[PDB]
Amino acid sequence: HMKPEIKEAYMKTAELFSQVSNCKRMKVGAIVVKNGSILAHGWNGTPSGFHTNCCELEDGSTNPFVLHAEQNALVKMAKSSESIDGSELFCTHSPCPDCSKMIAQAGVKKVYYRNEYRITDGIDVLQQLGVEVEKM
Amino acid sequence: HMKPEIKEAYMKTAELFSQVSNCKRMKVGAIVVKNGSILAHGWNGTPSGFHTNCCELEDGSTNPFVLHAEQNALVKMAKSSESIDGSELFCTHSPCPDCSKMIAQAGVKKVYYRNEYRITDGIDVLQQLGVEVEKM
Amino acid sequence: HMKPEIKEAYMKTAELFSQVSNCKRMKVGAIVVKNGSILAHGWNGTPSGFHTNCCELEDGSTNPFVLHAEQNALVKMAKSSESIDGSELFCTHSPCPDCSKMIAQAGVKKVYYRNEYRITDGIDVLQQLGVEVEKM
Amino acid sequence: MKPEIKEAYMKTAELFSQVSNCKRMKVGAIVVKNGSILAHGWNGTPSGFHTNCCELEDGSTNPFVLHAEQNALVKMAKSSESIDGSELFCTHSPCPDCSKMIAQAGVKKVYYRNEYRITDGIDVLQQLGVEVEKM
Amino acid sequence: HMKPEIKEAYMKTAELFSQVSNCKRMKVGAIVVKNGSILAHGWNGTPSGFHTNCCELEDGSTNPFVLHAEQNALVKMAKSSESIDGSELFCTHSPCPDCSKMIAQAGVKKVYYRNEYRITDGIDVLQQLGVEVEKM
Amino acid sequence: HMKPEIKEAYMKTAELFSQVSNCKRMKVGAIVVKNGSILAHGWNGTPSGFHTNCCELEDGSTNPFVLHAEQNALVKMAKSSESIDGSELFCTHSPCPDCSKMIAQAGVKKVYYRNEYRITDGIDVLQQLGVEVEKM
Ligand SMILES: Nc1ccn([C@H]2C[C@H](O)[C@@H](COP(=O)(O)O)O2)c(=O)n1
Ligand SMILES: Nc1ccn([C@H]2C[C@H](O)[C@@H](COP(=O)(O)O)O2)c(=O)n1
Ligand SMILES: Nc1ccn([C@H]2C[C@H](O)[C@@H](COP(=O)(O)O)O2)c(=O)n1
Ligand SMILES: Nc1ccn([C@H]2C[C@H](O)[C@@H](COP(=O)(O)O)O2)c(=O)n1
Ligand SMILES: Nc1ccn([C@H]2C[C@H](O)[C@@H](COP(=O)(O)O)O2)c(=O)n1
Ligand SMILES: Nc1ccn([C@H]2C[C@H](O)[C@@H](COP(=O)(O)O)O2)c(=O)n1
Ligand SMILES: O=c1ccn([C@H]2C[C@H](O)[C@@H](COP(=O)(O)O)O2)c(=O)[nH]1
Ligand SMILES: O=c1ccn([C@H]2C[C@H](O)[C@@H](COP(=O)(O)O)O2)c(=O)[nH]1
Ligand SMILES: O=c1ccn([C@H]2C[C@H](O)[C@@H](COP(=O)(O)O)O2)c(=O)[nH]1
Ligand SMILES: O=c1ccn([C@H]2C[C@H](O)[C@@H](COP(=O)(O)O)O2)c(=O)[nH]1
Ligand SMILES: O=c1ccn([C@H]2C[C@H](O)[C@@H](COP(=O)(O)O)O2)c(=O)[nH]1
Ligand SMILES: O=c1ccn([C@H]2C[C@H](O)[C@@H](COP(=O)(O)O)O2)c(=O)[nH]1
Ligand SMILES: [Zn+2]
Ligand SMILES: [Zn+2]
Ligand SMILES: [Zn+2]
Ligand SMILES: [Zn+2]
Ligand SMILES: [Zn+2]
Ligand SMILES: [Zn+2]
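As they're listed, the protein sequences go chains E, K, A, L, F and J. With the first letter of the first sequence counted as 1, position 73 gets the number 72 in the deposited numbering; the numbers rise by one all the way through. With the first letter of the second sequence counted as 1, position 21 gets the number 20 in the deposited numbering; the numbers rise by one all the way through. With the first letter of the third sequence counted as 1, position 42 gets the number 41 in the deposited numbering; the numbers rise by one all the way through. With the first letter of the fourth sequence counted as 1, position 107 gets the number 107 in the deposited numbering; the numbers rise by one all the way through. With the first letter of the fifth sequence counted as 1, position 122 gets the number 121 in the deposited numbering; the numbers rise by one all the way through. With the first letter of the sixth sequence counted as 1, position 41 gets the number 40 in the deposited numbering; the numbers rise by one all the way through.
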């Protein structure tokens, strides 16, 4: 059903859209895949129309205004006319615990990720809520 | 662009769905309205299939697993086949700064609320991102 | 799998929207619920942009132009991008024979009602056409 | 709208009216929006109803029968596309009860061919801001 | 279900929409039918806004710019917000091999046809790709 | 006008999905983009459920049964519940005149390409039918 070739293609598509991020700390990308369709592609950045597109606060920390690639993928799916329920998620980085909570409640059956985010606990949050997790 | 009777009807519906929450600390409800349609009703609580519906810990603080009413309304809209963009939101309590971030990115033009959340900074966040706010 | 707590909330929402009616004889409200979503909310009244709000003529009777709550919810569903088929209907009052007829042809599986309308034949029409009926 | 498609939509209405099992009169209604026939309704008894007949022993129409416009309207609620800003092709001009709902549904125009016994329904349409054309 | 009476009606509708064609060689109509709805109706003709209405050149052959009734039906379904998957296709003439290829890949379960087109290979192609074919 | 880096991201996504193709002569990919969403991704190949996925005959030429990347993108949009009308197309190669015919009728307002396909007349067909063409 989901061959190693297409599964690689979706993950590489995630890596492409992470490069669109203006982020200095980490460039993150998220892809929502359902029935051979990419319904959303999210990357980390400040809100639409924000006074700056810089993700960092001058103290070295990420601005609390910036949205995570997963949040942007969820928000897009809410603005979309297609359901996120039953879809799969291709992330460049494992989602944070706050995001993993929403991803599970959204009805995403499986999360694919390539790299580990500094907070690993999101993986456990996903599996504890009945979401499959595969590192590739 | 809304008759006061209709405005009150939506707020009372938010208050009606907040009461189904199992939360002890505060019971919160949220209603997504677009073109005379309640596209989503969300209340605060633990995720679906979670081991319990109790929202607080042994020490009496809220469980980090519980989703907010606004989060649940946001997630429901991602499961929905209708767009949250251009809609209005009716909340029993003013959204937190974290939710307000997603609400503004979702394209919600106005947020109606009745009671104030401890962290009142969310109202400021919403207004700073071009979302009208009204207490009623 | 409707639970009593949540089922009462839908009926009380129907009662909330019935109060929006300008009708003097009887205030009626109808709620379309499918998959934990309120797809339509209808109440009795004159058509949109009619010369008057008043539902009754200067004689005792109801203006033949006014739409029943069930009619308004039905029409609303025709304007909706969601299907009424498989949904449940929460009504403050039992639907009239003319409405009951359309409700069954719409594919509504169950109608909930609280009060009995003067003509109680609609209950039979519903049950004869294979629509479950519960009073609450 | 080009005259030739206008006639094609009306002939479609006339084609679906014939599927009716009605003895008194066979009526067909077509919902058209952006080159698409979203609903095609005809007069008949409800689904699952014990009979196909559309009339009683007096030979009056059975109150259980749905009008062609009603079936078209109901189908639009069962579907996932909006009737709002659509046009309606009818073999016979809609009755006042159906015209009420047609107008509220946001149908902008009604095309009709024959006149139904009660002519008052056309007047209802125009009062509620719905364009009417006989063809 | 697809009874003889209604099946005839769908075929005659395809015959009605073929007469709209400005073609002189042959007038062809195709309609897409799913769950009692005619989602598309296509006839053969030049593209929208093409310099001429004439479907044939000066040599006697059809202009290569002319879209087949099946193509236009397919193209319409792409502009539509409804899915062609699982639908049935009523055609005045049996589709050509080129169209039959796309029709099968679209997920059309059955194609009905009345008259046979010059190149009858379309029928074979259609069956070889798992699409039912019935002449009426 | 869309940002240059996302424009490159779409083109590279077309290049990613062209690699999934099992074709030896040339690997082609097509991407449908509307309002920051990839509604379709198509590549050249044999139909679904075909005996093989080799797209060439012993004659070293291409099997007439194979679908072009743009055909697969078009068909996918018909199977979809979203509209192709007003979208932009990202292609690894310039479409053939047969596909360009359908692309213009679908309402695609712009075609982006990287490489030139041997028959260069497809660009002419697109431009003659009011479709913007840009090489990148
Ligand atoms: N296709 C898109 C478009 C936007 N965004 C997110 C990333 C930034 O957080 C914000 C940027 O908004 P914009 O590009 O409209 O200025 O929106 C996204 O994830 N995917
Ligand atoms: N219409 C609904 C249904 C559910 N929930 C939320 C409330 C709980 O936090 C979580 C669990 O609900 P359930 O018991 O239906 O699985 O889903 C919601 O916000 N709105
Ligand atoms: N959300 C709505 C809006 C309107 N109506 C119906 C009730 C009256 O019959 C009429 C009122 O029209 P308007 O809202 O334009 O004043 O429409 C309804 O049932 N539900
Ligand atoms: N495409 C359809 C199918 C059915 N009906 C209506 C006409 C009759 O009132 C009833 C017939 O019952 P059934 O759907 O079982 O054929 O349904 C309709 O208007 N349009
Ligand atoms: N409902 C429609 C509308 C249009 N067309 C096709 C017929 C012509 O080939 C092309 C051009 O039509 P027009 O000149 O009206 O834009 O559109 C079609 O098949 N079905
Ligand atoms: N997302 C997809 C899925 C399939 N195909 C096309 C490529 C081949 O021509 C055929 C392969 O089908 P499948 O992989 O289901 O066997 O369908 C495509 O272009 N894009
Ligand atoms: O789930 C996540 C977690 C982090 N990110 C992004 C957001 C931040 O700009 C970068 C930097 O991570 P930080 O939280 O600053 O360590 O990570 C994300 O996009 N999605
Ligand atoms: O914006 C908000 C903030 C809190 N809630 C719910 C979440 C918690 O269960 C109760 C109380 O939160 P607390 O942060 O514990 O005060 O509020 C909410 O639903 N929406
Ligand atoms: O099925 C029904 C029956 C009555 N109503 C409403 C419409 C009228 O304004 C009130 C008054 O009842 P009546 O007795 O029909 O005049 O009832 C309704 O909304 N739906
Ligand atoms: O507006 C109308 C009027 C009548 N019909 C059908 C209803 C009946 O079956 C036939 C005969 O109408 P009658 O009301 O019996 O004259 O017309 C209809 O479908 N739409
Ligand atoms: O599958 C098909 C095959 C032919 N046609 C139509 C299109 C052309 O205008 C006519 C003439 O075809 P010809 O090949 O010239 O016989 O056939 C079609 O619409 N769909
Ligand atoms: O416009 C085109 C032309 C060819 N392709 C595919 C078709 C074939 O599989 C390869 C090779 O083309 P050919 O026509 O075989 O040279 O290109 C395509 O997808 N789109
Ligand atoms: Zn996160
Ligand atoms: Zn919150
Ligand atoms: Zn009624
Ligand atoms: Zn009628
Ligand atoms: Zn053809
Ligand atoms: Zn091609």
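In this text, a Cβ means the ideal position worked out from N, Cα and C, and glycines have one as well.
Residues from the stretch 72-86 of chain J in contact with chain F, defined by Cβ distance under 8 Å: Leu73, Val74, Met76, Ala77, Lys78, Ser79, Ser80, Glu81, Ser82, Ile83 and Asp84
Beta-carbon spacing of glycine 28 (chain E), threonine 119 (chain E) below 7 Å: As a working mapping, residue 28 (chain E) is identified with position 29 in the first sequence. As a working mapping, residue 119 (chain E) is identified with position 120 in the first sequence. Not closer than 7 Å, so no.
Distance, Cα to Cα, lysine 75 (chain L) vs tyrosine 111 (chain E)? Counting from 1 along the fourth sequence, the entry for residue 75 (chain L) is found at position 75. Counting from 1 along the first sequence, the entry for residue 111 (chain E) is found at position 112. Distance between the alpha carbons of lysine 75 (chain L) and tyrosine 111 (chain E) is about 41 Å.
Do you know whose CA, among L:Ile5, L:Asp97 and L:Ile30, lies nearest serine 17 (chain L)'s CA? Position 17 of the fourth sequence, counting from 1, holds the residue named residue 17 (chain L). The shortest C-alpha separation from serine 17 (chain L) is found at L:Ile30.
How big is the Cα-Cα spacing for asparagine 114 (chain K) and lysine 134 (chain K)? Taking the first residue of the second sequence as position 1, residue 114 (chain K) is located at position 115. Taking the first residue of the second sequence as position 1, residue 134 (chain K) is located at position 135. When rounded, the distance between both Cα atoms is 8 Å.
Does the Cβ of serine 82 (chain A) lie closer than 6 Å to at least one heavy atom of ligand 4? Numbered from its first residue, the third sequence carries residue 82 (chain A) at position 83. Answer for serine 82 (chain A): no, Cβ out of range of ligand 4.
Any idea what DSSP makes of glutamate 87 (chain E), helix, strand or coil? The residue you call residue 87 (chain E) lines up with position 88 of the first sequence. DSSP places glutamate 87 (chain E) in strand when its eight states are reduced to three.
Among the residues of its own chain, which have a CB less than 8 Å from the CB of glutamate 7 (chain E), if the five just before and after it don't count? Reading the first sequence from its first residue, position 8 is the one you call residue 7 (chain E). Excluding sequence neighbours, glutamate 7 (chain E) sits near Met135.
Any heavy atom of ligand 7 inside 6 Å of the beta-carbon of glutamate 69 (chain E)? Against the first sequence, residue 69 (chain E) aligns to sequence position 70. Yes, the Cβ of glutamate 69 (chain E) comes within 6 Å of a heavy atom of ligand 7.
At a CB distance below 9 Å, what residues from the stretch 43-75 of chain L approach chain F? Give them in sequence order. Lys75
Mind checking whether the beta-carbon of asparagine 114 (chain K) lies closer than 6 Å to any heavy atom of ligand 8? By one-based count along the second sequence, residue 114 (chain K) stands at place 115. No, since every heavy atom of ligand 8 falls outside the 6 Å radius drawn around the Cβ of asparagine 114 (chain K).
Could you tell me whether any Cβ in chain K is nearer than 7 Å to the Cβ of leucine 128 (chain E)? Taking the first residue of the first sequence as position 1, residue 128 (chain E) is located at position 129. It does: the Cβ of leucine 128 (chain E) has a partner Cβ on chain K nearer than 7 Å.
How long is the line joining the alpha carbons of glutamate 69 (chain K) and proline 94 (chain K), rounded to whole angstroms? Residue numbering aside, residue 69 (chain K) sits at position 70 when the second sequence is read from its first letter. Residue numbering aside, residue 94 (chain K) sits at position 95 when the second sequence is read from its first letter. Those two C-alpha atoms are separated by around 7 Å.
Residue range of the unbroken alpha helix (DSSP H) whose run includes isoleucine 102 (chain L): In the fourth sequence, residue 102 (chain L) corresponds to position 102, counting from 1. Per DSSP, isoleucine 102 (chain L) belongs to the alpha helix (DSSP H) from 96-104.
Sufficient close CB pairs (3 or more, under 8 Å) joining the stretch 19-26 of chain A to the stretch 45-57 of chain A: yes
Determine, using beta carbons only, whether residue 139 (chain E) comes closer than 7 Å to chain K. Here chain E comprises residues numbered 0 to 135, so residue 139 (chain E) is not present and cannot be evaluated.
Please report how far the alpha carbon of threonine 45 (chain K) lies from the alpha carbon of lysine 78 (chain A), in whole angstroms. Residue 45 (chain K) sits at position 46 when you count from the first residue of the second sequence. Residue 78 (chain A) sits at position 79 when you count from the first residue of the third sequence. The straight-line gap from Cα to Cα measures roughly 35 Å.
Given the structure, does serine 99 (chain F) come close to ligand 6, in the sense that its CB is under 6 Å from one of the ligand's heavy atoms? Here residue 99 (chain F) corresponds to residue number 100 of the fifth sequence, with the count starting at 1. It does not: the Cβ of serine 99 (chain F) is nowhere closer than 6 Å to a heavy atom of ligand 6.
At which residues does the beta strand (DSSP E) containing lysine 33 (chain K) begin and terminate? Locating residue 33 (chain K) in the second sequence gives position 34, where the first residue counts as 1. From DSSP, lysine 33 (chain K) is part of no beta strand (DSSP E); its letter is neither H nor E.
When we look at the beta-carbon of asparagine 34 (chain K) and count the other beta-carbons within 10 Å, is it buried (16 or more) or exposed? Working through the second sequence from its first residue, we reach residue 34 (chain K) at position 35. By the neighbour-count rule (16 or more Cβ atoms within 10 Å), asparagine 34 (chain K) is not buried but exposed.
Candidates F:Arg117, F:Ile102 and F:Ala72, of which the one nearest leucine 125 (chain F) by Cα: In the fifth sequence, the residue the question calls residue 125 (chain F) occupies position 126. Measuring from the Cα of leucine 125 (chain F), the nearest candidate turns out to be F:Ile102.
Taking the straight line between their C-alpha atoms, what separation do you get for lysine 108 (chain J) and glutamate 87 (chain J)? Position 109 of the sixth sequence, counted from the start, is the residue given in the question as residue 108 (chain J). Position 88 of the sixth sequence, counted from the start, is the residue given in the question as residue 87 (chain J). Distance between the alpha carbons of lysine 108 (chain J) and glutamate 87 (chain J) is about 6 Å.
Bounding residues of the beta strand (DSSP E) (the contiguous stretch that carries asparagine 114 (chain L)): Position 114 of the fourth sequence, counted from the start, is the residue given in the question as residue 114 (chain L). 109-114 is the span of the beta strand (DSSP E), which, as asked, contains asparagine 114 (chain L).
Unbroken alpha helix (DSSP H) run spanning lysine 134 (chain K), endpoints: Mapped onto the second sequence, residue 134 (chain K) falls at position 135. No alpha helix (DSSP H) contains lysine 134 (chain K), which is instead part of the beta strand (DSSP E) from 131-134.
Please find out if some non-hydrogen atom of ligand 6 comes closer than 6 Å to the beta-carbon of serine 47 (chain J). Mapped onto the sixth sequence, residue 47 (chain J) falls at position 48. Checking every heavy atom of ligand 6 against the Cβ of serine 47 (chain J), one is found closer than 6 Å.
Where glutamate 131 (chain A) falls, given that 16 or more other Cβ within 10 Å makes a residue buried: Within the third sequence, residue 131 (chain A) is the residue found at index 132, counting from 1. Exposed, by the Cβ-count rule.
Would you mind reading off the limits of the alpha helix (DSSP H) that contains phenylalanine 16 (chain K)? Along the second sequence, read from residue 1 onward, the residue named residue 16 (chain K) stands at position 17. Looking at the DSSP string, the run of the alpha helix (DSSP H) that includes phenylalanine 16 (chain K) is 3-17.
Thinking just about the alpha-carbon of each residue, which of L:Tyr9, L:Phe64, L:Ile83 and L:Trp42 is nearest to the one in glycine 48 (chain L)? Here residue 48 (chain L) corresponds to residue number 48 of the fourth sequence, with the count starting at 1. Of L:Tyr9, L:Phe64, L:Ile83 and L:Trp42, the residue nearest in Cα terms is L:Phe64.
Show which residues of chain F have a CB atom less than 7 Å away from the CB atom of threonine 12 (chain L). By 1-based counting over the fourth sequence, the position of residue 12 (chain L) is 12. Near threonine 12 (chain L) (Cβ distances below 7 Å), the residues of chain F are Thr12 and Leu15.
Using DSSP's beta-bridge definition, name the partner residues of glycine 44 (chain E). As a first step, residue 44 (chain E) is located in the first sequence; it is residue number 45 there, counting from the start. Paired residues: E:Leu66.
Answer yes or no: does any C-beta atom of chain J fall closer than 7 Å to that of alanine 8 (chain E)? The residue labelled residue 8 (chain E) in the question sits at position 9 within the first sequence. At least one chain J Cβ lies under 7 Å of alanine 8 (chain E).
Under the three-state reduction of DSSP, which class applies to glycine 59 (chain F): helix, strand or coil? If you number the fifth sequence from 1, residue 59 (chain F) lands on position 60. Coil.
Tell me which residue opens and which closes the alpha helix (DSSP H) that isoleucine 118 (chain J) is part of. For the purposes of this step, residue 118 (chain J) is taken as residue 119 along the sixth sequence, with counting starting at 1. Neither: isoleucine 118 (chain J) is in no alpha helix (DSSP H) and is coded neither H nor E.
Report all residues from its chain with a CB closer than 6 Å to the CB of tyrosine 116 (chain A); omit the five preceding and five following residues, and keep chain order. Locating residue 116 (chain A) in the third sequence gives position 117, counting from the first residue. If we look at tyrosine 116 (chain A) and ignore the five residues flanking it on each side, its Cβ neighbours are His92 and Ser93.
In chain J, which residues lie less than 8 Å from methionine 101 (chain F) when you measure between Cβ atoms? Stepping through the fifth sequence from its first residue, residue 101 (chain F) is reached at position 102. Correct list: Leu66, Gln70, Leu73 and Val74.
Given the structure, does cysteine 22 (chain J) come close to ligand 18, in the sense that its CB is under 6 Å from one of the ligand's heavy atoms? The sequence position of residue 22 (chain J) within the sixth sequence is 23, counting from 1. No, since every heavy atom of ligand 18 falls outside the 6 Å radius drawn around the Cβ of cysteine 22 (chain J).
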